[PDB]
Amino acid sequence: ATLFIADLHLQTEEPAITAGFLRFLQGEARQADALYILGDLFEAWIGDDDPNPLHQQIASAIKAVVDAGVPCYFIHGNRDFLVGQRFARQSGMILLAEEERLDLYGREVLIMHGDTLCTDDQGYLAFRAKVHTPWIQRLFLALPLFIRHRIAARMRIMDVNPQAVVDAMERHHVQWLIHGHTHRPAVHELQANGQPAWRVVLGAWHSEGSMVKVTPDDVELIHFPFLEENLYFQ
Ligand SMILES: O=C(CCCCCNC(=O)Nc1ccc(S(=O)(=O)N2CCN(c3cc(Cl)cc(C(F)(F)F)c3)CC2)cc1)NO
Ligand SMILES: [Mn+2]
Ligand SMILES: [Mn+2]
C-alpha cells in the first residue's frame, strides 16, 4: 500500500501531535510501499538553517523510515513552503513539484497540497505568488535567523473551486486526485475526461490522525488515534 498524509502542522507547543506522528512513523509507515506528505507538515518554516530541535527530531524519524526501505516524498504546503534541500538531505525525503502524477498499482493519481485549487480566493493566490517568487525567497532567507523569527511571530478555511478541480484533472488526464489544505476529509465524485472521477481530501491532525491508503484494490480514508489506546475495563 501507498500512504498519504498532510496538514499535521507540527510545532513545539503541540507535543501530542508530534508523538502521534512519531508512532505513525515507527509503525504503520514501515509497512508501506511509499509515504507521501502533501504539505503543511510543519506549522511554520523560516528556512533549513533554523536550529529548532523539533526539526531534527522529525528529520531523524523520517530518515529511519527511509532507511527501513520506504521512500518518503514531500510536496510543499502554504505553511512550510520554505522547506529546502538541506532538510531533504537531513530527513531522506525527496522534494516533489506542486503537482505530481503517480502510477499507483495501475491507477494514475494526481497529488497536490490543494491550495492552488482555491481559485475563488484571489487575495490568497496573489500572496502565494509573491512568497513563491525566487528572488523574494532568496532575500528573506538572507536575513539573520533572529530577524526571520521575529517576522514570522509577528505575522502570526477556503474550499476548492469545482472548475479548478476539473481543469487540473483534465490537464493530467487522471480520474483520481488526493490533496489536503482544506481540512475537510471526504471523497467527492465528479466528472473528468468524460468519465467518473474522484477527489479524496486528507484531514488535519487535530485530535486524531488521518491518512489515505491506496492499494491495488481500493482507496481508504483512515482516521486513527495518536497513541496506543490501551483497553481497560469498568
Ligand atoms: O493550514 C493551513 C492555513 C490556512 C491558509 C492560510 C494561508 N496563509 C498562510 O499560510 N500564511 C503564513 C504565515 C506565516 C507563515 S511562517 O511563519 O511559516 N513564515 C513563512 C515564511 N515567511 C516569509 C517568506 C517570504 Cl519568501 C517572505 C516573507 C516576507 F513577508 F517577510 F517578505 C515572509 C515568514 C512567515 C507561513 C504561512 N491550510 O491548510
Ligand atoms: Mn493545513
Ligand atoms: Mn494548507
# chains A, B, ... in the order shown; residues from 1 in each chain; ligands from 1
>>> closest_atom_pairs(of="chain A", to="ligand 3", cutoff="6 Å", atoms="only C-alpha atoms and all ligand atoms", output="Markdown table")
| residue | atom | partner | partner_atom_place_in_ligand_line | distance |
| --- | --- | --- | --- | --- |
| A:40 | CA | ligand 3 | 1 (Mn) | 5.6 |
| A:77 | CA | ligand 3 | 1 (Mn) | 5.2 |
| A:78 | CA | ligand 3 | 1 (Mn) | 4.8 |
| A:181 | CA | ligand 3 | 1 (Mn) | 3.8 |
>>> residues_around(residues="residue 38 of chain A", least_positions_apart="5", cutoff="8 Å", atoms="only C-alpha atoms", output="PyMOL selection string")
chain A and resi 4-7+74-77+111-113+179-180
>>> residues_around(residues="residue 35 of chain A", least_positions_apart="2", cutoff="9 Å", atoms="only C-alpha atoms", output="list in words")
residues 2, 3, 4, 5, 29, 32, 33, 37, 70, 71, 72, 73 and 74 of chain A
>>> select_by_dssp(residues="segment 33-179 of chain A", states="strand (DSSP E or B)", output="list in words")
residues 34, 35, 36, 37, 42, 72, 73, 74, 94, 95, 100, 101, 102, 103, 104, 107, 108, 109, 110, 111, 112, 176, 177, 178 and 179 of chain A
>>> write_last_selection(atoms="N, CA, C and O atoms", output="compact mmCIF listing (two decimals), in the first residue's frame")
# COMPACT_ATOMS: atom_id res chain seq x y z
N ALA A 34 5.49 3.28 0.06
CA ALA A 34 5.98 4.66 -0.02
C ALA A 34 5.09 5.52 0.85
O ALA A 34 3.93 5.18 1.10
N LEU A 35 5.64 6.66 1.28
CA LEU A 35 4.90 7.62 2.09
C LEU A 35 5.02 8.99 1.42
O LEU A 35 6.13 9.46 1.16
N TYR A 36 3.88 9.61 1.13
CA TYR A 36 3.82 10.94 0.55
C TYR A 36 3.23 11.91 1.57
O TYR A 36 2.17 11.64 2.14
N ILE A 37 3.90 13.04 1.78
CA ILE A 37 3.45 14.07 2.70
C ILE A 37 3.07 15.29 1.86
O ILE A 37 3.93 15.94 1.26
N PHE A 42 4.80 21.02 8.81
CA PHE A 42 5.11 21.92 9.91
C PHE A 42 4.16 23.12 9.90
O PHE A 42 3.73 23.58 8.84
N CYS A 72 10.21 8.24 0.98
CA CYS A 72 9.34 9.29 1.50
C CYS A 72 9.46 10.52 0.61
O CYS A 72 10.56 10.90 0.19
N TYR A 73 8.31 11.16 0.33
CA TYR A 73 8.22 12.27 -0.60
C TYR A 73 7.44 13.41 0.03
O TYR A 73 6.58 13.21 0.88
N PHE A 74 7.74 14.64 -0.41
CA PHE A 74 7.15 15.83 0.19
C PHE A 74 6.74 16.80 -0.91
O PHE A 74 7.56 17.15 -1.77
N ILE A 94 12.40 13.12 -0.47
CA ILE A 94 12.57 13.65 -1.81
C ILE A 94 11.54 14.75 -2.02
O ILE A 94 10.34 14.53 -1.84
N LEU A 95 11.99 15.94 -2.41
CA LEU A 95 11.08 17.05 -2.66
C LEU A 95 10.46 16.94 -4.05
O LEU A 95 11.17 16.73 -5.04
N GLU A 100 2.01 16.43 -8.99
CA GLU A 100 2.69 15.23 -9.49
C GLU A 100 1.63 14.22 -9.88
O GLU A 100 0.63 14.09 -9.19
N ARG A 101 1.87 13.50 -10.98
CA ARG A 101 1.04 12.38 -11.40
C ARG A 101 1.76 11.07 -11.05
O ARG A 101 2.90 10.87 -11.46
N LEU A 102 1.08 10.20 -10.30
CA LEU A 102 1.65 8.94 -9.81
C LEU A 102 0.96 7.75 -10.46
O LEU A 102 -0.24 7.79 -10.74
N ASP A 103 1.72 6.68 -10.69
CA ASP A 103 1.17 5.37 -11.02
C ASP A 103 1.07 4.58 -9.72
O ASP A 103 2.09 4.19 -9.15
N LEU A 104 -0.15 4.36 -9.24
CA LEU A 104 -0.37 3.60 -8.01
C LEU A 104 -1.08 2.31 -8.38
O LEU A 104 -2.30 2.28 -8.55
N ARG A 107 -3.32 2.64 -11.33
CA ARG A 107 -4.22 3.78 -11.23
C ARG A 107 -3.38 5.06 -11.29
O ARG A 107 -2.48 5.24 -10.47
N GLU A 108 -3.68 5.94 -12.25
CA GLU A 108 -2.98 7.22 -12.32
C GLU A 108 -3.66 8.22 -11.38
O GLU A 108 -4.88 8.42 -11.46
N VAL A 109 -2.86 8.86 -10.51
CA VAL A 109 -3.39 9.69 -9.43
C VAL A 109 -2.62 11.01 -9.40
O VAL A 109 -1.38 11.00 -9.35
N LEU A 110 -3.35 12.13 -9.42
CA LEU A 110 -2.75 13.45 -9.22
C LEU A 110 -2.66 13.77 -7.73
O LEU A 110 -3.63 13.57 -6.99
N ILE A 111 -1.51 14.30 -7.27
CA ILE A 111 -1.38 14.74 -5.89
C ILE A 111 -0.91 16.19 -5.86
O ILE A 111 -0.18 16.64 -6.75
N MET A 112 -1.36 16.92 -4.84
CA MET A 112 -1.00 18.33 -4.64
C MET A 112 -1.42 18.71 -3.23
O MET A 112 -2.20 18.01 -2.59
N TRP A 176 -8.37 10.35 -10.51
CA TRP A 176 -8.18 10.33 -9.07
C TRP A 176 -7.29 11.49 -8.68
O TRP A 176 -6.25 11.73 -9.31
N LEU A 177 -7.68 12.19 -7.62
CA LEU A 177 -6.92 13.32 -7.09
C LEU A 177 -6.90 13.21 -5.58
O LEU A 177 -7.94 12.95 -4.97
N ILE A 178 -5.73 13.36 -4.96
CA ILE A 178 -5.60 13.39 -3.50
C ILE A 178 -4.97 14.72 -3.11
O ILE A 178 -3.96 15.11 -3.70
N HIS A 179 -5.57 15.42 -2.14
CA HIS A 179 -4.98 16.67 -1.68
C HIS A 179 -5.34 16.92 -0.22
O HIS A 179 -6.13 16.19 0.38
>>> residues_near_ligand(ligand="ligand 1", cutoff="9 Å", atoms="only C-alpha atoms and all ligand atoms", output="PyMOL selection string")
chain A and resi 6-9+39-40+42-47+77-82+113-115+124+127-128+130-141+148-158+180-183+204
>>> residues_around(residues="segment 119-122 of chain A", least_positions_apart="5", cutoff="8 Å", atoms="only C-alpha atoms", output="count of residues only")
4
>>> closest_residue(among="A:175, A:210, A:57, A:18", to="residue 197 of chain A", atoms="only C-alpha atoms")
A:175
